[PDB]
Amino acid sequence: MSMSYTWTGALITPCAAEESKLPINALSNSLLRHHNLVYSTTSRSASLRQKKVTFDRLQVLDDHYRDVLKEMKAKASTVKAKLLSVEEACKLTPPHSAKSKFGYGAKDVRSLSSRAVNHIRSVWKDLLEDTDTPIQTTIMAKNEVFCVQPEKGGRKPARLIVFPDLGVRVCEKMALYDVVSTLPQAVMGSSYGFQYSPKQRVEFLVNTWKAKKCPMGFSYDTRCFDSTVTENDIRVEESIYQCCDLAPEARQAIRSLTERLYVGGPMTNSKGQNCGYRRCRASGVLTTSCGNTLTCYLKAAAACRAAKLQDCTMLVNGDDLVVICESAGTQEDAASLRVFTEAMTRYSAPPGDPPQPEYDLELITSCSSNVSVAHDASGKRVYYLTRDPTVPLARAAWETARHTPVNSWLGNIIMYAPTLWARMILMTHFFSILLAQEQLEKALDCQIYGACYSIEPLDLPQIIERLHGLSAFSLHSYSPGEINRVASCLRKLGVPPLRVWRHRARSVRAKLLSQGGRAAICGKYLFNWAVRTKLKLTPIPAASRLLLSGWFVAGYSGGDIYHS
Ligand SMILES: O=C(O)/C(=C/c1ccc(Oc2ccccc2Br)cc1)NC(=O)c1ccccc1
Ligand SMILES: [Cl-]
């Protein structure tokens with residue numbers, strides 16, 4: 001019976017200026033024309049989110065819980081993690097990461113400046129000596145762009161982000177980076193989502209579904225998961241980590257960060273005021289993704305048992321959960337789901353929207369996406385992942401009319417390269433603007449599984465072939481429902497129909513070829529679809545020449561991570 005937060009009454013304030021509406025760009029209109037449906041969240045709506053994330057939590061454990069837990073620990077005891085040298089940790093820090101409140105920022109930290117490495121060592125030392133004093137944190141209102149839509153009733157309030165000082169963040173890396181990059185797959189195997197790349201996730205979902213006599217799957221939407229995490233859940237996560245083979249120093253740092261940071265602590269707004277007290281999951285620490293994934297999996301696996309699901313397979317990504325199993329008849333399936341929901345609720349994890357059995361894999365949404373079909377060169381049936389393009393396009397627009405240090409369009413192109421909208425619009429629109437400014441060589445940052453990466457457009461052809469397979473460049477004969485969903489979206493926002501883009505694609509793939517080099521390798525592989533005349537595409541040379549491990553190994557959302 002512990003509230004997830006307590007509030008002092010002080011407002012959540014912003015630091016920088018917050019743009020609510022879309023500007024007045026002319027390229028932005030080349031993408032979207034209904035600019036009034038696009039919008040960003042601001043600290044103005046922060047109090048509404050506060051209401052939502054604030055509630056009492058009731059939790060009642062049971063034998064199924066302890067059993068699964070015990071099983072997890074067993075698997076964890078087979079994991080050995082190392083500490084990260086201050087230097088190593090410092091490098092995993094993002095150039096733009098929020099500056100330390102102790103005078104010094106990201107570059108200072110990244111360049112191993114004296115001052116920074118000093119404070120960091122002090123903070124570390126302090127963790128080893130003090131194990132109880134709650135570490136201070138800052139709470140801001142996130143600013144993300146969405147599309148207005150009355151079906152839901154208007155606008156979504158801003159999300160909240162709770163994080164500790166830069167000094168602390170580096171310590172987290174040192175004491176837990178190896179754990180959160182290895183412990184997950186160790187305990188849950190195939191159920192751990194972040195070990196898969198697009199091509200792998202698709203293959204995993206499809207195969208699991210087809211392995212069932214009569215498949216039945218459901219996604220579980222938890223009402224504000226982070227707020228449902230209890231102090232006991234976080235302490236349990238800690239015990240799991242401790243099952244690892246660690247250094248005595250790492251153990252003490254983990255216990256201290258757990259008791260002083262993870263379980264809870266005071267929060268101040270940007271103006272340094274006492275905002276409230278947190279007794280749930282911090283949204284902006286290193287263990288957020290790892291912790292939610294472990295806790296979601298724990299409750300869900302125990303819930304499955306109370307529900308008696310048959311031959312069930314789980315796929316967990318943070319709080320995002322999808323379960324596939326053998327059906328026991330439609331009525332039994334519904335009842336089993338209501339029990340699963342009852343056990344989750346008991347484990348302190350009720351749902352927002354109630355789960356519903358689904359018997360069509362393509363009608364299931366997990367990780368904001370669904371499986372769909374298309375065909376390859378030899379007309380072979382190819383499965384891929386997609387989603388409604390609305391948000392991606394509203395954001396793709398916004399980033400065209402306003403500068404964003406971290407875009408999303410490029411990320412979406414990487415995550416959804418095989419989709420119709422990605423290939424024909426995003427790809428087209430962006431190589432267009434690039435060319436009109438000569439920046440095809442300039443790298444830009446985008447996030448993948450929460451981690452930051454500096455990527456160069458010129459490499460998409462390889463990146464893409466790696467993540468989705470060569471077929472991704474020749475997919476055709478997309479399912480009508482998918483083709484319909486898109487065109488429906490375009491007409492809703494003001495985006496020229498696929499035809500207007502099929503035009504530009506040639507008009508663009510042209511200027512790209514009459515440039516050879518790398519810009520050529522692209523315009524050929526990425527736009528082979530926009531030409532009746534189709535030249536044969538084969539394994540790209542430097543498709544292998546490039547390290548891509550770090551990419552799909554674990555989740556780091558909210559973890560302030562950067563990879564090179
Ligand atoms: O922030 C996160 O933690 C994050 C998690 C996440 C979990 C699972 C997932 O599965 C899919 C779903 C569809 C296609 C391929 C894959 Br692998 C994708 C993302 N989002 C991005 O990485 C992300 C990056 C760019 C664009 C959008 C999201
Ligand atoms: Cl269809």
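Any value given below was found using the heavy atoms of this structure, including those in side chains, with hydrogens, waters and symmetry copies removed. Order of appearance sets the numbers: ligands from 1, and atoms from 1 within every ligand. The first residue in the sequence is number 1, and the count goes up from there.
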Rounded to the nearest 0.5 angstrom, the CG-SG distance for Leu444 and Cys446 is 8.5 Å
Answer yes or no: is there an ion pair linking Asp353 with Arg223, defined by an N-O contact shorter than 4.0 Å?
no
Name the closest protein heavy atom to atom 19 (C) of ligand 1, giving the residue it belongs to and the distance to 0.1 Å.
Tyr449 CE2, 3.7 Å
Side-chain donor/acceptor of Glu399 to backbone N/O of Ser408, under 3.5 Å
yes
Look at ligand 1 and say whether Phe552 reaches it with a heavy atom at a distance under 4.0 Å.
no
Under 4.0 Å from ligand 1, counting heavy atoms only, is it the side chain of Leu385, its backbone, both or neither?
side chain
For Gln447, counting its heavy atoms only, list the atoms of ligand 1 lying under 4.0 Å from any of them.
24 (C), 25 (C)
Any atoms of ligand 1 less than 4.0 Å from a non-hydrogen atom of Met415? List them with their elements.
14 (C), 15 (C), 24 (C), 25 (C), 26 (C)
Output the list of atoms in ligand 1 that are nearer than 4.0 Å to some heavy atom of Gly411, sorted by atom number.
25 (C)
For the residue pair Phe552 and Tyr449, does the interplanar ring angle fall in the parallel (under 30°), tilted (30 to 60°) or perpendicular (over 60°) class?
perpendicular
Heavy atom of protein inside 4.0 Å of atom 28 (C) of ligand 1, strictly below
no
Take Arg485 and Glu482 through the salt bridge (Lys or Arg N to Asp or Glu O under 4.0 Å) test and state the conclusion after the steps.
CA-CA 5 Å; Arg485 181 168 60 174; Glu482 180 53 15; 2.8 Å; yes
Shortest non-hydrogen pair, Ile483 vs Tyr478, comes out as CD1-O, 3.3 Å
